[PDB]
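Visitor: What follows is target-v2.csv; its format and atoms are CSV, C-alpha atoms.
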```csv
chain,number,residue,atom,x,y,z
K,2377,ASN,CA,30.4,10.6,24.1
K,2378,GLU,CA,27.7,8.8,22.0
K,2379,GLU,CA,24.4,10.8,22.5
K,2380,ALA,CA,26.4,14.0,23.6
K,2381,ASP,CA,28.3,14.1,20.2
K,2382,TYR,CA,25.0,13.9,18.2
K,2383,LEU,CA,24.0,17.2,16.5
K,2384,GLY,CA,21.2,19.3,17.8
K,2385,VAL,CA,18.2,19.5,15.3
K,2386,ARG,CA,16.2,22.7,14.9
K,2387,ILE,CA,12.6,21.6,14.0
K,2388,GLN,CA,10.0,23.9,12.4
K,2389,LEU,CA,6.3,23.4,11.4
K,2390,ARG,CA,5.6,24.8,7.9
K,2391,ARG,CA,1.9,25.5,7.4
K,2392,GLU,CA,0.8,26.5,4.0
K,2393,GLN,CA,-2.8,27.7,4.4
K,2394,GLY,CA,-3.5,29.6,1.2
K,2395,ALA,CA,-4.9,32.5,3.4
K,2396,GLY,CA,-8.4,31.0,3.9
K,2397,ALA,CA,-10.3,28.3,5.8
K,2398,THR,CA,-8.6,25.5,7.7
K,2399,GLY,CA,-7.1,23.8,4.7
K,2400,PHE,CA,-3.7,23.3,6.2
K,2401,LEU,CA,-0.9,21.9,4.0
K,2402,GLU,CA,1.3,21.1,7.0
K,2403,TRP,CA,4.8,19.6,6.9
K,2404,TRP,CA,7.9,19.6,9.2
K,2405,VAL,CA,11.3,21.1,8.4
K,2406,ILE,CA,14.4,20.0,10.1
K,2407,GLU,CA,17.7,22.0,10.1
K,2408,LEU,CA,21.0,21.4,12.0
K,2409,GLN,CA,21.4,23.7,15.1
K,2410,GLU,CA,24.9,24.9,13.7
K,2411,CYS,CA,24.0,25.2,10.0
K,2412,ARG,CA,26.0,28.0,8.3
K,2413,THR,CA,25.8,27.0,4.6
K,2414,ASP,CA,23.0,24.8,3.1
K,2415,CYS,CA,20.7,24.8,6.1
K,2416,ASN,CA,18.2,23.0,3.8
K,2417,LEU,CA,20.6,19.9,3.9
K,2418,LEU,CA,21.5,17.5,6.7
K,2419,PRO,CA,24.9,15.9,5.7
K,2420,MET,CA,24.8,12.3,7.2
K,2421,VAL,CA,28.3,10.7,6.8
K,2422,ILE,CA,27.9,7.0,6.2
K,2423,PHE,CA,30.8,4.5,6.4
K,2424,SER,CA,29.7,1.6,4.2
K,2425,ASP,CA,31.5,-1.7,4.8
O,2232,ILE,CA,4.0,-5.3,19.5
O,2233,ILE,CA,3.6,-6.9,23.0
O,2234,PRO,CA,4.9,-10.4,23.8
O,2235,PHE,CA,2.6,-12.7,25.7
O,2236,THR,CA,2.9,-12.6,29.5
O,2237,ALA,CA,2.7,-16.0,31.4
O,2238,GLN,CA,-0.8,-14.7,32.4
O,2239,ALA,CA,-1.9,-14.0,28.8
O,2240,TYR,CA,-0.6,-17.5,27.9
O,2241,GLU,CA,-2.7,-19.0,30.7
O,2242,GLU,CA,-5.7,-16.9,29.6
O,2243,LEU,CA,-5.3,-18.1,25.9
O,2244,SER,CA,-4.9,-21.7,27.3
O,2245,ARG,CA,-8.1,-21.3,29.4
O,2246,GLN,CA,-9.9,-19.8,26.3
O,2247,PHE,CA,-9.0,-22.9,24.2
O,2248,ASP,CA,-9.0,-25.7,26.8
O,2249,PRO,CA,-12.3,-27.1,25.2
O,2250,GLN,CA,-10.5,-27.5,21.7
O,2251,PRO,CA,-7.8,-30.3,22.1
O,2252,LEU,CA,-6.4,-29.3,18.6
O,2253,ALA,CA,-6.1,-25.6,19.7
O,2254,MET,CA,-4.3,-26.7,23.0
O,2255,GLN,CA,-2.0,-29.0,20.9
O,2256,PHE,CA,-1.2,-25.9,18.7
O,2257,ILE,CA,-0.7,-23.4,21.7
O,2258,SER,CA,1.6,-25.9,23.5
O,2259,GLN,CA,4.1,-25.7,20.5
O,2260,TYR,CA,4.8,-22.0,21.2
O,2261,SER,CA,6.4,-20.2,24.2
O,2262,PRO,CA,4.9,-17.0,25.7
O,2263,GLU,CA,7.9,-15.2,24.0
O,2264,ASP,CA,7.0,-16.7,20.6
O,2265,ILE,CA,3.4,-15.4,20.8
O,2266,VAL,CA,3.1,-11.6,20.3
O,2267,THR,CA,0.0,-9.4,20.4
O,2268,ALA,CA,0.2,-6.7,17.8
O,2269,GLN,CA,-2.0,-3.9,19.2
O,2270,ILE,CA,-3.0,-2.4,15.8
O,2271,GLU,CA,-4.4,1.1,16.3
O,2272,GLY,CA,-8.0,1.2,14.8
O,2273,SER,CA,-7.5,4.7,13.3
O,2274,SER,CA,-5.7,4.6,9.9
O,2275,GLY,CA,-2.1,5.9,10.3
O,2276,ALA,CA,-2.6,7.5,6.8
O,2277,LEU,CA,-5.2,10.0,5.5
O,2278,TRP,CA,-7.3,8.4,2.7
O,2279,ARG,CA,-5.7,10.1,-0.4
O,2280,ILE,CA,-8.3,8.7,-2.8
O,2281,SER,CA,-8.8,10.8,-6.0
O,2282,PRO,CA,-12.3,12.4,-6.2
O,2283,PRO,CA,-13.0,10.4,-9.5
O,2284,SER,CA,-11.7,7.2,-7.8
O,2285,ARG,CA,-14.1,7.9,-4.8
O,2286,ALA,CA,-17.0,8.6,-7.2
O,2287,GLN,CA,-16.2,5.3,-9.0
O,2288,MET,CA,-15.9,3.4,-5.7
O,2289,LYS,CA,-19.3,4.9,-4.7
O,2290,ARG,CA,-20.8,3.9,-8.1
O,2291,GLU,CA,-19.3,0.4,-7.8
O,2292,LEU,CA,-20.6,-0.1,-4.2
O,2293,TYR,CA,-24.2,1.1,-5.1
O,2294,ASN,CA,-24.6,0.0,-8.8
O,2295,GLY,CA,-21.7,-2.5,-9.4
O,2296,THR,CA,-23.0,-6.0,-10.5
O,2297,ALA,CA,-19.5,-7.6,-10.0
O,2298,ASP,CA,-18.3,-8.7,-6.5
O,2299,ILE,CA,-16.1,-6.0,-4.9
O,2300,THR,CA,-13.2,-7.7,-3.1
O,2301,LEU,CA,-12.5,-6.5,0.4
O,2302,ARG,CA,-8.8,-7.5,0.9
O,2303,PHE,CA,-7.4,-7.5,4.5
O,2304,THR,CA,-3.5,-8.0,4.3
O,2305,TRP,CA,-0.9,-8.4,7.0
O,2306,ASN,CA,2.9,-8.3,6.6
O,2307,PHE,CA,5.4,-9.0,9.4
O,2308,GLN,CA,8.9,-7.5,9.1
O,2309,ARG,CA,11.5,-9.6,11.1
O,2310,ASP,CA,15.0,-8.9,12.3
O,2311,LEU,CA,17.5,-10.6,9.9
O,2312,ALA,CA,20.2,-10.1,12.6
O,2313,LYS,CA,18.3,-12.6,14.8
O,2314,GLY,CA,18.4,-15.1,11.9
O,2315,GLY,CA,16.2,-16.7,9.3
O,2316,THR,CA,16.4,-16.1,5.4
O,2317,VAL,CA,13.0,-14.2,5.1
O,2318,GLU,CA,12.6,-10.6,6.3
O,2319,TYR,CA,8.9,-10.3,5.3
O,2320,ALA,CA,6.2,-12.9,6.1
O,2321,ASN,CA,2.8,-11.8,4.5
O,2322,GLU,CA,-0.7,-13.1,3.6
O,2323,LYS,CA,-4.2,-11.8,2.5
O,2324,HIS,CA,-7.8,-12.5,3.4
O,2325,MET,CA,-10.3,-11.6,0.6
O,2326,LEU,CA,-14.1,-11.2,1.2
O,2327,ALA,CA,-16.4,-10.9,-1.8
O,2328,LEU,CA,-18.9,-8.1,-1.0
O,2329,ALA,CA,-21.8,-9.5,-3.0
O,2330,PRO,CA,-24.0,-7.0,-5.1
O,2331,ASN,CA,-26.9,-5.7,-3.1
O,2332,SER,CA,-25.4,-7.1,0.3
O,2333,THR,CA,-26.1,-5.1,3.5
O,2334,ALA,CA,-22.4,-4.5,4.1
O,2335,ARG,CA,-21.9,-3.3,0.5
O,2336,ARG,CA,-24.8,-0.8,0.8
O,2337,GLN,CA,-23.7,0.4,4.3
O,2338,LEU,CA,-20.1,1.0,3.1
O,2339,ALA,CA,-21.8,2.9,0.2
O,2340,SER,CA,-23.8,5.1,2.6
O,2341,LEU,CA,-20.6,5.8,4.7
O,2342,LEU,CA,-19.1,7.5,1.5
O,2343,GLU,CA,-22.1,10.0,1.5
O,2344,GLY,CA,-21.0,11.3,5.0
O,2345,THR,CA,-24.7,11.7,6.0
O,2346,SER,CA,-24.7,8.8,8.5
O,2347,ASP,CA,-23.0,8.2,11.9
O,2348,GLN,CA,-23.7,4.5,11.1
O,2349,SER,CA,-20.8,2.1,11.1
O,2350,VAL,CA,-20.8,-0.9,8.6
O,2351,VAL,CA,-20.2,-4.3,10.2
O,2352,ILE,CA,-18.3,-6.7,7.9
O,2353,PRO,CA,-18.4,-10.2,9.5
O,2354,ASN,CA,-15.5,-12.8,9.0
O,2355,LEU,CA,-12.8,-10.2,8.1
O,2356,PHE,CA,-10.2,-10.2,11.0
O,2357,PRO,CA,-8.2,-13.4,11.7
O,2358,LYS,CA,-7.3,-12.9,15.4
O,2359,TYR,CA,-4.8,-15.9,15.4
O,2360,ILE,CA,-2.0,-15.9,12.8
O,2361,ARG,CA,1.1,-18.0,12.3
O,2362,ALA,CA,4.3,-16.2,11.2
O,2363,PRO,CA,6.4,-19.2,9.9
O,2364,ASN,CA,10.1,-19.1,8.8
O,2365,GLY,CA,8.8,-18.9,5.2
O,2366,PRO,CA,7.1,-15.9,3.4
O,2367,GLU,CA,3.5,-17.1,3.9
O,2368,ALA,CA,1.8,-15.7,7.1
O,2369,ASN,CA,-1.1,-18.3,7.4
O,2370,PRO,CA,-4.1,-17.9,9.8
O,2371,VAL,CA,-4.1,-20.6,12.6
O,2372,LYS,CA,-6.6,-23.3,11.4
O,2373,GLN,CA,-6.2,-25.0,14.9
O,2374,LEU,CA,-7.5,-21.9,16.8
O,2375,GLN,CA,-9.9,-20.9,13.9
O,2376,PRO,CA,-11.2,-24.4,12.8
O,2377,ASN,CA,-14.2,-23.0,10.8
O,2378,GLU,CA,-11.6,-20.8,9.0
O,2379,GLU,CA,-13.5,-17.7,7.7
O,2380,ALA,CA,-16.4,-18.3,10.2
O,2381,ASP,CA,-14.1,-17.9,13.2
O,2382,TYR,CA,-12.7,-14.6,11.9
O,2383,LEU,CA,-13.8,-11.5,13.9
O,2384,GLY,CA,-16.3,-9.1,12.4
O,2385,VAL,CA,-14.9,-5.6,11.8
O,2386,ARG,CA,-16.9,-2.5,12.4
O,2387,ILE,CA,-15.8,0.1,9.8
O,2388,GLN,CA,-16.4,3.9,10.1
O,2389,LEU,CA,-15.5,6.9,7.9
O,2390,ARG,CA,-14.0,9.8,9.9
O,2391,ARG,CA,-14.4,13.1,8.0
O,2392,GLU,CA,-12.7,16.1,9.6
O,2393,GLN,CA,-14.0,19.1,7.6
O,2394,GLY,CA,-13.2,22.1,9.7
O,2395,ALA,CA,-16.8,23.4,9.2
O,2396,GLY,CA,-16.3,25.0,5.9
O,2397,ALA,CA,-15.8,24.2,2.1
O,2398,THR,CA,-15.1,20.7,0.8
O,2399,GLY,CA,-11.7,20.4,2.4
O,2400,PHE,CA,-12.2,16.9,3.7
O,2401,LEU,CA,-9.6,15.3,5.9
O,2402,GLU,CA,-10.9,11.8,5.5
O,2403,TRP,CA,-9.7,8.6,7.1
O,2404,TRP,CA,-11.1,5.2,8.0
O,2405,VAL,CA,-11.5,3.8,11.5
O,2406,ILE,CA,-11.8,0.0,12.1
O,2407,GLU,CA,-13.0,-1.5,15.4
O,2408,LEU,CA,-13.8,-5.2,16.4
O,2409,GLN,CA,-17.5,-5.9,16.4
O,2410,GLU,CA,-17.2,-7.3,20.0
O,2411,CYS,CA,-14.9,-4.6,21.4
O,2412,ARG,CA,-15.5,-4.0,25.2
O,2413,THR,CA,-12.2,-2.4,26.4
O,2414,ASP,CA,-9.8,-0.6,24.1
O,2415,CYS,CA,-12.1,-0.4,21.0
O,2416,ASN,CA,-9.3,1.8,19.4
O,2417,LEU,CA,-7.0,-1.4,19.4
O,2418,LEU,CA,-7.2,-4.6,17.2
O,2419,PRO,CA,-5.3,-7.3,19.1
O,2420,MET,CA,-3.7,-9.6,16.4
O,2421,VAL,CA,-2.2,-12.7,18.1
O,2422,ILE,CA,0.9,-13.7,16.1
O,2423,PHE,CA,2.6,-17.1,16.6
O,2424,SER,CA,6.2,-16.5,15.4
O,2425,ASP,CA,8.2,-19.7,14.5
L,2377,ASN,CA,16.7,1.4,-30.9
L,2378,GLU,CA,16.6,1.4,-27.0
L,2379,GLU,CA,15.2,4.9,-26.0
L,2380,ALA,CA,13.8,5.5,-29.5
L,2381,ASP,CA,11.5,2.4,-29.2
L,2382,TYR,CA,10.1,3.6,-25.8
L,2383,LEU,CA,6.5,4.8,-25.9
L,2384,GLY,CA,5.7,8.5,-25.6
L,2385,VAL,CA,3.7,9.3,-22.4
L,2386,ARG,CA,1.0,11.9,-22.4
L,2387,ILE,CA,1.0,13.5,-18.9
L,2388,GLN,CA,-1.9,15.5,-17.4
L,2389,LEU,CA,-2.4,17.3,-14.0
L,2390,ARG,CA,-5.8,16.6,-12.5
L,2391,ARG,CA,-6.8,19.2,-10.0
L,2392,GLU,CA,-10.0,18.6,-8.0
L,2393,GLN,CA,-10.7,21.9,-6.2
L,2394,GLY,CA,-14.3,21.6,-5.1
L,2395,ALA,CA,-15.1,25.0,-6.6
L,2396,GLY,CA,-13.8,27.1,-3.7
L,2397,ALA,CA,-10.6,28.3,-2.0
L,2398,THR,CA,-7.2,26.8,-2.8
L,2399,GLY,CA,-7.9,23.3,-1.4
L,2400,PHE,CA,-6.3,21.5,-4.3
L,2401,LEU,CA,-6.6,17.8,-4.5
L,2402,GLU,CA,-3.9,17.4,-7.1
L,2403,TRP,CA,-2.7,14.2,-8.8
L,2404,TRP,CA,-1.0,13.3,-12.1
L,2405,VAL,CA,-2.5,11.2,-14.9
L,2406,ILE,CA,-0.3,9.4,-17.4
L,2407,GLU,CA,-1.6,7.9,-20.7
L,2408,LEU,CA,0.2,6.3,-23.7
L,2409,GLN,CA,0.6,8.8,-26.7
L,2410,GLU,CA,-1.0,6.1,-29.0
L,2411,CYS,CA,-3.8,4.9,-26.6
L,2412,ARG,CA,-6.9,3.7,-28.6
L,2413,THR,CA,-8.7,1.4,-26.2
L,2414,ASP,CA,-8.2,1.6,-22.3
L,2415,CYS,CA,-6.3,5.0,-22.2
L,2416,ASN,CA,-6.6,4.6,-18.4
L,2417,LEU,CA,-4.2,1.6,-18.6
L,2418,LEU,CA,-0.5,1.4,-19.4
L,2419,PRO,CA,0.2,-2.3,-20.5
L,2420,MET,CA,3.8,-3.1,-19.4
L,2421,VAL,CA,4.9,-6.4,-20.8
L,2422,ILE,CA,7.2,-8.2,-18.3
L,2423,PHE,CA,9.3,-11.2,-19.3
L,2424,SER,CA,10.0,-13.0,-15.9
L,2425,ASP,CA,12.9,-15.5,-15.8
S,2232,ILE,CA,-1.0,-8.4,-13.4
S,2233,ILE,CA,-2.4,-10.6,-16.2
S,2234,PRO,CA,-0.3,-13.6,-17.6
S,2235,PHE,CA,-0.2,-13.8,-21.5
S,2236,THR,CA,-2.9,-15.9,-23.1
S,2237,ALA,CA,-1.9,-18.2,-26.0
S,2238,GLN,CA,-3.7,-15.5,-28.2
S,2239,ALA,CA,-1.7,-12.6,-26.6
S,2240,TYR,CA,1.5,-14.7,-27.2
S,2241,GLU,CA,0.5,-15.3,-30.9
S,2242,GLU,CA,-0.3,-11.6,-31.2
S,2243,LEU,CA,3.1,-10.6,-29.8
S,2244,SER,CA,4.7,-13.1,-32.1
S,2245,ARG,CA,2.8,-11.6,-35.1
S,2246,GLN,CA,3.8,-8.1,-34.0
S,2247,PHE,CA,7.6,-9.1,-34.0
S,2248,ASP,CA,7.6,-11.7,-36.9
S,2249,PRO,CA,9.6,-9.0,-39.0
S,2250,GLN,CA,12.4,-8.8,-36.3
S,2251,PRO,CA,14.3,-12.2,-36.2
S,2252,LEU,CA,16.1,-11.1,-33.0
S,2253,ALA,CA,12.7,-10.2,-31.3
S,2254,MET,CA,11.3,-13.6,-32.3
S,2255,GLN,CA,14.5,-15.3,-31.0
S,2256,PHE,CA,13.9,-13.5,-27.7
S,2257,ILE,CA,10.1,-14.1,-27.5
S,2258,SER,CA,10.7,-17.9,-28.2
S,2259,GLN,CA,12.8,-18.1,-24.9
S,2260,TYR,CA,9.7,-17.4,-22.8
S,2261,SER,CA,6.4,-19.3,-22.2
S,2262,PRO,CA,2.9,-17.5,-22.2
S,2263,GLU,CA,3.0,-18.0,-18.3
S,2264,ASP,CA,6.5,-16.2,-18.1
S,2265,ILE,CA,5.2,-13.1,-19.9
S,2266,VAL,CA,2.8,-10.9,-17.8
S,2267,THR,CA,1.0,-7.7,-18.7
S,2268,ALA,CA,1.0,-5.4,-15.8
S,2269,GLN,CA,-2.1,-3.2,-16.5
S,2270,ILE,CA,-0.8,-0.1,-14.6
S,2271,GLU,CA,-3.7,2.3,-14.0
S,2272,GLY,CA,-2.8,5.7,-15.5
S,2273,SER,CA,-4.3,7.7,-12.5
S,2274,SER,CA,-1.7,8.1,-9.7
S,2275,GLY,CA,-2.7,5.9,-6.8
S,2276,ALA,CA,-1.4,8.6,-4.5
S,2277,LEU,CA,-2.3,12.3,-4.2
S,2278,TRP,CA,0.6,14.5,-5.1
S,2279,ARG,CA,1.4,15.9,-1.7
S,2280,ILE,CA,4.2,18.2,-2.8
S,2281,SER,CA,4.9,21.1,-0.5
S,2282,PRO,CA,3.8,24.6,-1.8
S,2283,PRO,CA,7.5,25.8,-1.8
S,2284,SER,CA,8.7,22.6,-3.5
S,2285,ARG,CA,5.9,23.1,-6.2
S,2286,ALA,CA,6.9,26.8,-6.6
S,2287,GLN,CA,10.6,25.6,-6.9
S,2288,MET,CA,9.7,22.9,-9.5
S,2289,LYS,CA,7.7,25.6,-11.4
S,2290,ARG,CA,10.7,28.0,-11.3
S,2291,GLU,CA,13.1,25.1,-12.4
S,2292,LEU,CA,10.8,24.1,-15.3
S,2293,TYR,CA,10.5,27.7,-16.6
S,2294,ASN,CA,13.8,29.3,-15.6
S,2295,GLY,CA,16.2,26.4,-14.7
S,2296,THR,CA,19.3,26.3,-16.9
S,2297,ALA,CA,20.3,22.7,-15.8
S,2298,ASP,CA,18.6,19.6,-17.3
S,2299,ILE,CA,15.7,18.4,-15.1
S,2300,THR,CA,15.8,14.6,-14.9
S,2301,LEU,CA,12.5,12.8,-15.5
S,2302,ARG,CA,13.0,9.4,-13.9
S,2303,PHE,CA,10.6,6.6,-14.7
S,2304,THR,CA,11.2,3.6,-12.3
S,2305,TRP,CA,9.8,0.1,-12.2
S,2306,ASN,CA,10.2,-2.4,-9.3
S,2307,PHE,CA,8.8,-6.0,-9.4
S,2308,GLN,CA,8.1,-7.8,-6.1
S,2309,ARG,CA,8.4,-11.6,-6.4
S,2310,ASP,CA,7.2,-14.5,-4.3
S,2311,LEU,CA,10.2,-15.9,-2.3
S,2312,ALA,CA,8.1,-19.0,-1.5
S,2313,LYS,CA,8.1,-19.8,-5.3
S,2314,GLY,CA,12.0,-19.6,-5.2
S,2315,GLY,CA,14.9,-17.3,-6.2
S,2316,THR,CA,17.1,-15.3,-3.9
S,2317,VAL,CA,15.9,-11.8,-4.9
S,2318,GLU,CA,12.5,-10.5,-3.8
S,2319,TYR,CA,12.8,-7.1,-5.7
S,2320,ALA,CA,13.9,-6.6,-9.3
S,2321,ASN,CA,14.1,-2.9,-10.2
S,2322,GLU,CA,15.5,-0.5,-12.8
S,2323,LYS,CA,15.2,3.2,-13.9
S,2324,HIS,CA,14.9,5.2,-17.2
S,2325,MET,CA,16.1,8.8,-17.0
S,2326,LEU,CA,15.2,11.5,-19.7
S,2327,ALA,CA,17.0,14.8,-19.5
S,2328,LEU,CA,14.3,17.5,-20.1
```
The structure in this file should be written as structure tokens.

Guide:
Amino acid sequence: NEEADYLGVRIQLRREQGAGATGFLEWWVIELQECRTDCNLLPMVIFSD
Amino acid sequence: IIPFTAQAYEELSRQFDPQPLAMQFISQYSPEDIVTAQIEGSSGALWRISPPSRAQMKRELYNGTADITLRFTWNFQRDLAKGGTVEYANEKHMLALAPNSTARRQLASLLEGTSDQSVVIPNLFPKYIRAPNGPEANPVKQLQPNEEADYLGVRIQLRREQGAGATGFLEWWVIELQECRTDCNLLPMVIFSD
Amino acid sequence: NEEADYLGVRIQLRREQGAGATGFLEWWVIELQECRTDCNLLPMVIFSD
Amino acid sequence: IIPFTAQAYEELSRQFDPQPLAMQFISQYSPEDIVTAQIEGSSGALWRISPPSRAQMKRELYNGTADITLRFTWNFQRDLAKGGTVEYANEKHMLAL
């Protein structure tokens, strides 16, 4: 189904501030929508010729 | 990366109609072979310069007796699945910012963050570049016959988001063309791909 | 002696703070263990075929 | 990237004169083939590391029971217009801390 068989990605914004000012260490986190184990890992299965 | 319309090709032709060597060069390329890279004039990266490196750069701009080399580089990635043997065609321009020059002092005052003043650096941006089937992305000597003297002046600014507090300085450089009239946030680089 | 003839590296953490908050401009510095002149330079000798 | 002067080649030769295998290797290269890359010892990038990644690295250095691999990598970009079929020559050293 091409695009319809692609996994949903849960996106988060992590914003370390350090409780003070506007110093914002900002980075994005991505998780798979259906993660159960190892939500910190996105297993991409690559078939190398 | 926008390919030339037939109108942009007629406009480039009308711009260079007085130079028979420029028209002889333009006539070797199709509107599909000529691309305008609309390079955004805000740096796509924050300037992560170490505080001692910035203090050294400030000392070298104000007090340095050696020429400080301003290097403008371009590098064109191509589709190897469309053919050719070279994925990357690149080259560099290099202006010597002479000691005590106006541009060197104005780029030194930008580092103080006390001035809304842009530095203008003449002769820095080759508008017309050949991307040949080899690795060397040479400027078009037929469209820029005075070489460095036909390169556009670049207005450089330091943007310094602070957040009104402390020394947390989100710093990045902005570049504009000296003669920008429309879209000053874009630097149209005209690339002739072989 | 392969690994035993490799130079020791002195590593430092530089931490510009700006005397305030947790805004930490952090970067690593590396020096050669036996640096005498130009400790800010690591001379790698490359034999190009 | 500074090519070897004839003096730097004589100095390298005088450094390795006691090792006949080293002199046999040095004698295969010209002063133009040997370059000193003067790598600046300050990182050319700020260490962005996320605060949780830094806290994890600190926990793994102090309390980690597994060996933490310190990987030193070098990668040499070459001019394809000077010839050869390989733009990038690279390798890695890996110390188990």

Visitor: Please report as JSON lines every residue of chain S lying within 12 Å of chain K, along with the nearest atom pair and their distance in Å (one decimal), using only C-alpha atoms.

Guide:
```
{"residue": "S:2278", "atom": "CA", "partner": "K:2401", "partner_atom": "CA", "distance": 11.8}
{"residue": "S:2279", "atom": "CA", "partner": "K:2401", "partner_atom": "CA", "distance": 8.6}
{"residue": "S:2280", "atom": "CA", "partner": "K:2401", "partner_atom": "CA", "distance": 9.3}
{"residue": "S:2281", "atom": "CA", "partner": "K:2401", "partner_atom": "CA", "distance": 7.4}
{"residue": "S:2282", "atom": "CA", "partner": "K:2392", "partner_atom": "CA", "distance": 6.8}
{"residue": "S:2283", "atom": "CA", "partner": "K:2392", "partner_atom": "CA", "distance": 8.9}
{"residue": "S:2284", "atom": "CA", "partner": "K:2403", "partner_atom": "CA", "distance": 11.5}
{"residue": "S:2285", "atom": "CA", "partner": "K:2392", "partner_atom": "CA", "distance": 11.9}
```

Visitor: In file coordinates, which residues lie within 8 Å of (-10.3, -14.2, 12.7) using only C-alpha atoms, given as a VMD selection string?

Guide: chain O and resid 2354 to 2359 2370 2375 2378 to 2384

Visitor: Please report, as a Markdown table, each residue of chain K lying at most 7 Å from chain O, together with the nearest pair of atoms and the separation in Å rounded to one decimal; use all atoms listed in the file, and order rows by chain and ascending residue number.

Guide:
```
| residue | atom | partner | partner_atom | distance |
| --- | --- | --- | --- | --- |
| K:2397 | CA | O:2396 | CA | 6.8 |
| K:2398 | CA | O:2394 | CA | 6.1 |
| K:2399 | CA | O:2399 | CA | 6.2 |
```

Visitor: When you look at stretch 2301-2312 of chain O with a cut-off of 10 Å (counting only C-alpha atoms), what residues show up, excluding the ones that are within fewer than 2 positions of it in the same chain? I need them as a PyMOL selection string.

Guide: chain O and resi 2298-2299+2314-2328+2335+2352+2355-2357+2360+2362+2364+2366-2369+2420+2422+2424

Visitor: If we count all atoms listed in the file and set the cut-off at 8 Å, which residues sit around residue L:2417, ignoring sequence neighbours fewer than 3 positions away in its own chain? Please answer as a PyMOL selection string.

Guide: (chain L and resi 2407+2414) or (chain S and resi 2269-2272)

Visitor: Stretch 2234-2239 of chain S: which residues within 6 Å, counting all atoms listed in the file, same-chain residues fewer than 3 positions away excluded, as a ChimeraX atom specification?

Guide: /S:2242,2262-2263,2265-2266

Visitor: Per residue of chain S within 7 Å of chain O, which atom pair is closest and at what distance in Å (one decimal), using all atoms listed in the file, listed by chain and increasing number, as a Markdown table?

Guide:
```
| residue | atom | partner | partner_atom | distance |
| --- | --- | --- | --- | --- |
| S:2276 | CA | O:2279 | CA | 6.1 |
| S:2277 | CA | O:2279 | CA | 5.6 |
| S:2311 | CA | O:2366 | CA | 6.5 |
| S:2312 | CA | O:2366 | CA | 5.9 |
```

Visitor: May I ask for the distance between atom CA of residue O:2390 and atom CA of residue O:2300, given in Å to one decimal place?

Guide: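 If I compute the distance from atom CA of residue O:2390 to atom CA of residue O:2300, I get 21.8 Å.
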